[PDB]
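Peer 1: I am attaching a structure below and will ask some questions about it afterwards.
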Amino acid sequence: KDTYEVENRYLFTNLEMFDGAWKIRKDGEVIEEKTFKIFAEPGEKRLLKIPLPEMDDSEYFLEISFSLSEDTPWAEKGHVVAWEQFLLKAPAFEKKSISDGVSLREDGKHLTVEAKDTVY
Amino acid sequence: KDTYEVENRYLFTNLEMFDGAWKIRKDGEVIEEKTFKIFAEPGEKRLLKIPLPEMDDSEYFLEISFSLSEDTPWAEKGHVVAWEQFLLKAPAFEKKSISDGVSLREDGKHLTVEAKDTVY
Amino acid sequence: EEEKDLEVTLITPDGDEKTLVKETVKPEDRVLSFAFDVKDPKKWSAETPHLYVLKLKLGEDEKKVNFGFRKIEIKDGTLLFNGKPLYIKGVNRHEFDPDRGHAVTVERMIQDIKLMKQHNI
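Sequence lines, in order, name chains C, A and C'. A prime marks a further copy of an entry chain.
According to the authors' numbering, the first sequence holds residues 604 to 723 in order.
According to the authors' numbering, the second sequence holds residues 604 to 723 in order.
According to the authors' numbering, the third sequence holds residues 242 to 362 in order.
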């Protein structure tokens with residue numbers, strides 16, 4: 604969950620040329636962003652350690668991305684060349700006992716069901 | 604759920620000699636009781652209709668018993684000679700997201716976990 | 242142009258009467274819809290053909306309809322009538338008379354029905 608293996612598949616490019624970033628998303632919204640650099644020659648595999656926070660019953664998702672450190676003839680600083688995402692933790696589902704009532708009215712052509720301020 | 608078939612397996616006795624009762628139990632406590640008599644000769648099967656209440660997310664169980672209408676040389680009025688139970692509705696189980704924290708202290712020979720006012 | 246009174250009376254198989262509806266109605270092309278409850282009604286079957294009567298009056302216009310309480314349904318591939326398994330003991334009939342062709346009389350219709358019931362159809 605905290606350990607990730609990066610593999611450089613460029614023929615003639617070191618991964619040091621790119622700005623690394625990782626983000627953690629709680630139920631879709633983010634909560635933690637960090638930048639990093641990683642040295643890896645063409646072909647090489649390198650490990651990446653990501654400290655994780657204590658996590659409540661929400662659903663957590665990591666996203667790891669590389670971008671352009673500075674402008675290029677074909678694109679501007681920050682442009683994203685590669686990303687991958689992973690489920691950290693699934694969510695805990697709640698189930699709630701409902702005590703409140705529901706009415707019902709039958710007529711020739713309709714069944715009517717009332718609950719709070721909604722009629723079906 | 605409402606309709607039950609009684610079979611009289613005595614050789615020489617009519618079920619009319621016995622006091623019929625049914626009970627409903629919500630999470631184990633009685634909430635409804637009702638007496639009844641049923642005419643059935645030796646061998647016969649008879650139907651028994653039971654009106655059911657509207658039921659919340661709890662677990663309901665129906666019991667149907669027969670007892671002695673009056674004393675006998677071998678037992679008193681109200682002695683039970685037969686009974687059977689049945690599930691009416693399984694319960695709806697709640698799951699609650701917990702937002703409160705938990706503390707952790709490691710030492711040489713013990714891990715200690717505090718939550719509310721209980722230490723494990 | 243003038244408004245007319247609408248009355249709807251239910252008559253039981255016994256013969257007892259009850260007013261369901263009594264209201265004035267402005268003259269217009271409309272469809273009025275009503276729903277009424279009836280405790281322990283006498284159910285229509287081929288064995289026991291109990292009929293009720295509706296009596297409908299709007300101004301001087303008067304009509305009468307014969308209905309019977311009965312339910313047909315399919316439960317798990319089985320055909321029910323009033324909540325009992327139904328077995329169709331039937332025959333196919335042509336509206337035919339050897340002297341009159343298709344122009345059959347009520348006296349010949351009644352003969353047919355009494356013959357069918359007397360042979361368990």
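Yeah, the Cβ is synthetic: ideal placement off N, Cα and C, and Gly gets one too.
To which residues of the same chain is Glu610(C) closer than 6 Å at the C-beta, ignoring the five residues directly before and after it?
Peer 2: In the first sequence, residue 610(C) corresponds to position 7, counting from 1. The beta carbon of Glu610(C) sits closer than 6 Å to those of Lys648, all from its chain and outside the five residues before and after it, given in chain order.
Peer 1: As a quick exercise: from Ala287(C'), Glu264(C'), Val332(C'), pick the residue whose alpha carbon is nearest that of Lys245(C').
Peer 2: One-based indexing of the third sequence puts residue 245(C') at position 4. Among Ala287(C'), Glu264(C'), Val332(C'), the Cα nearest to that of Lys245(C') is on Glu264(C').
Peer 1: Quick one: complete alpha helix (DSSP H) runs, 4+ long, within the region 610–667 of chain A?
Peer 2: none
Peer 1: Tell me, please, which residues DSSP counts as bridged to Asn307(C').
Peer 2: Stepping through the third sequence from its first residue, residue 307(C') is reached at position 66. Looking at the DSSP assignment, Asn307(C') forms a beta bridge with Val294(C').
Peer 1: Name the two residues that bound the continuous beta strand (DSSP E) containing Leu327(C').
Peer 2: Working through the third sequence from its first residue, we reach residue 327(C') at position 86. First-last for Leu327(C'): undefined, no H or E at that position.
Peer 1: Since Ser286(C') meets chain C, which of its residues come closer than 9 Å, beta carbon to beta carbon?
Peer 2: Residue 286(C') sits at position 45 when you count from the first residue of the third sequence. Those do not exist, as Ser286(C') stays about 23 Å from chain C at its closest Cβ, beyond 9 Å.
Peer 1: Roughly how many angstroms separate the alpha carbons of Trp686(C) and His713(C), rounded to a whole number?
Peer 2: Here residue 686(C) corresponds to residue number 83 of the first sequence, with the count starting at 1. Here residue 713(C) corresponds to residue number 110 of the first sequence, with the count starting at 1. In a straight line, the C-alpha of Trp686(C) is about 54 Å away from that of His713(C).
Peer 1: Select from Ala678(A), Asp710(A), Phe669(A), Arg612(A) the residue whose C-alpha is nearest the C-alpha of residue 595(A).
Peer 2: Since the first and last residues shown for chain A are 604 and 723, residue 595(A) lies out of range.
Peer 1: Rounded to whole angstroms, what's the CA-CA distance from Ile329(C') to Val345(C')? Just pull it up for me.
Peer 2: Counting from 1 along the third sequence, the entry for residue 329(C') is found at position 88. Counting from 1 along the third sequence, the entry for residue 345(C') is found at position 104. So the two alpha carbons sit approximately 26 Å from each other.
Peer 1: Going along the region 699–716 of chain A in order, which residues come within less than 7 Å of chain C, judged by CB to CB distance?
Peer 2: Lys699, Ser700, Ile701, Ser702
Peer 1: Tell me which residues share the same chain as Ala695(C) and place their Cβ nearer than 7 Å to its Cβ, disregarding the 5 neighbours each side in the sequence.
Peer 2: The residue given as residue 695(C) occupies position 92 in the first sequence. So the list reads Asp660, once near-sequence residues are dropped.
Peer 1: For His682(C), collect the residues of the same chain with a Cβ closer than 7 Å to its Cβ; drop the 5 residues on either side in sequence, then sort them by chain order.
Peer 2: Within the first sequence, residue 682(C) is the residue found at index 79, counting from 1. Short of 7 Å from the beta carbon of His682(C), and not among the five residues preceding or following it, lie these beta carbons of its own chain, in chain order: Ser670, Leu671.
Peer 1: State the Cα-Cα distance for the pair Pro676(C) and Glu635(C), rounded to the nearest angstrom.
Peer 2: As a working mapping, residue 676(C) is identified with position 73 in the first sequence. As a working mapping, residue 635(C) is identified with position 32 in the first sequence. Near 32 Å, if we compare the C-alpha coordinates of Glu635(C) and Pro676(C).
Peer 1: Measure the beta-carbon distance from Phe621(C) to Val684(C) and round it to whole angstroms, keeping in mind my assumption that it falls under 8 Å.
Peer 2: Indexing the first sequence from 1 puts residue 621(C) at position 18. Indexing the first sequence from 1 puts residue 684(C) at position 81. Yes, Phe621(C) and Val684(C) are in contact; Cβ-Cβ is about 7 Å, under 8 Å.
Peer 1: When you compare the region 248–266 of chain C' with the region 291–307 of chain C', are there three or more beta-carbon pairs, one atom per stretch, that lie closer than 8 Å?
Peer 2: yes
Peer 1: Helix, strand or coil: how does DSSP classify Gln359(C') here?
Peer 2: For the purposes of this step, residue 359(C') is taken as residue 118 along the third sequence, with counting starting at 1. Of the three classes helix, strand and coil, the one that applies to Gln359(C') here is coil, per DSSP.
Peer 1: Under the assumption that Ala287(C') contacts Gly711(C) (Cβ atoms under 8 Å), give the Cβ distance between them as a whole number of angstroms.
Peer 2: For this step, residue 287(C') is matched to residue 46 along the third sequence. For this step, residue 711(C) is matched to residue 108 along the first sequence. Between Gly711(C) and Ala287(C') the Cβ distance is about 26 Å, and since that is not below 8 Å, they are no contact.
Peer 1: Closer than 7 Å: is that where the CB of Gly623(A) sits relative to any heavy atom of the ligand GTP?
Peer 2: Ligands in the displayed structure: none, and consequently the ligand GTP is not present.
Peer 1: Just list the residues that DSSP pairs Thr253(C') with in beta bridges.
Peer 2: Residue numbering aside, residue 253(C') sits at position 12 when the third sequence is read from its first letter. DSSP output for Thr253(C') lists no bridge partner at all.
Peer 1: Grab me the residues of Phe322(C')'s own chain with a C-beta within less than 8 Å of its C-beta, minus the 5 sequence neighbours each way, in chain order.
Peer 2: For the purposes of this step, residue 322(C') is taken as residue 81 along the third sequence, with counting starting at 1. Hits under 8 Å: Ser286, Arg311, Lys312, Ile313.
Peer 1: Which residues, in order along the region 670–700 of chain C, keep a beta-carbon less than 7 Å from a beta-carbon of chain A?
Peer 2: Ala695, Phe696, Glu697, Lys698, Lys699, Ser700
Peer 1: Taking the C-alpha atoms as reference points, what is the distance between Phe308(C') and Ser274(C')?
Peer 2: In the third sequence, the residue the question calls residue 308(C') occupies position 67. In the third sequence, the residue the question calls residue 274(C') occupies position 33. The alpha-carbon atoms of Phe308(C') and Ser274(C') are separated by roughly 17 Å.
Peer 1: Identify each residue in the region 636–667 of chain A for which the Cβ-Cβ distance to at least one residue of chain C is less than 7 Å, and report them in chain order.
Peer 2: Under the 7 Å Cβ criterion, the region 636–667 of chain A contributes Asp659, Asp660.
Peer 1: Closest by CA to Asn617(C), which one among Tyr663(C), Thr606(C), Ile641(C)?
Peer 2: Stepping through the first sequence from its first residue, residue 617(C) is reached at position 14. When only C-alpha atoms are compared, the closest one is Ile641(C).
Peer 1: By DSSP's criteria, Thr715(A) is part of a beta bridge. Which residues make up the other side?
Peer 2: Against the second sequence, residue 715(A) aligns to sequence position 112. In the DSSP output, where bridge partners are listed per residue, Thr715(A) has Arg708(A).
Peer 1: Any Cβ of chain C within less than 8 Å of the Cβ of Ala344(C')?
Peer 2: The sequence position of residue 344(C') within the third sequence is 103, counting from 1. It does not: the Cβ of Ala344(C') has no partner Cβ on chain C nearer than 8 Å.
Peer 1: Find out if the Cβ-Cβ distance for the pair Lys692(A), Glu666(A) is shorter than 8 Å.
Peer 2: The residue you call residue 692(A) lines up with position 89 of the second sequence. The residue you call residue 666(A) lines up with position 63 of the second sequence. For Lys692(A) and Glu666(A), no; Cβs fall outside 8 Å.
Peer 1: Taking buried to mean at least 16 other C-beta atoms within 10 Å of its own C-beta, is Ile627(A) buried or exposed?
Peer 2: Taking the first residue of the second sequence as position 1, residue 627(A) is located at position 24. Classification of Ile627(A): buried, given that the 10 Å Cβ count is 16 or more.
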